[PDB]
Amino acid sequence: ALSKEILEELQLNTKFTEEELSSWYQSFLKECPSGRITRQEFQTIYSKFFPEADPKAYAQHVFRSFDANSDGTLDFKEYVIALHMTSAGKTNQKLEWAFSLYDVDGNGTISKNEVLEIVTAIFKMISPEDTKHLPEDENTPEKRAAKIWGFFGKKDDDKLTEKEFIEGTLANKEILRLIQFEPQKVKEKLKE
């Protein structure tokens, strides 16, 4: 079963009860009997549930951000939190995690190329139809990433720190809009 400690972390990021999480876990074990889900299996979830998208890159990056020990798997806890990160809960409490998403190589700072990589992965989550609710100045990943880097006041070779990333995503709501990683929130912003 689930340790009381894991259950304690799964309510900072979910609102399911202990019994509910345990039932999901039992079902998880039938499909993933090692208690681990691989990157390809995780990607398959996203490919299935985002049919209008090309979600492979996005799902790979989300997976990476949660594979804390880099063993190529997520355990149940990490998988539950990952799904919730992409799909549930309020945005502002996710900003620290978002730093780990954007810091692709895990070296502790974000580079311009890393912003482009993640912006591109998220951009591919936008449907064909919604891709024309895109303003001209924001209609390619290159343009969106360029704007983000500009809002951070950065030169090409500069490194963006965690301190600055959190400040900017809290304070500048245009940075927030552009770095947004939940596909439904990206979609709703494009329409609204």
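Counting begins at 1, following the sequence as shown.
Stretch comparison (128 to 136 versus 47 to 55) by mean CA B-factor in the PDB entry places 128 to 136 on top.
For the two regions 68 to 76 and 100 to 108, the entry's Cα B-factors average higher over 68 to 76. Note on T17, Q184, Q180, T169: the highest value goes to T17, judged by CA B factor as recorded.
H61: CA B factor in the lowest third of modelled residues in this chain (values from the PDB entry). Sorting the modelled residues of the chain by their CA temperature factor places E162 in the middle third.
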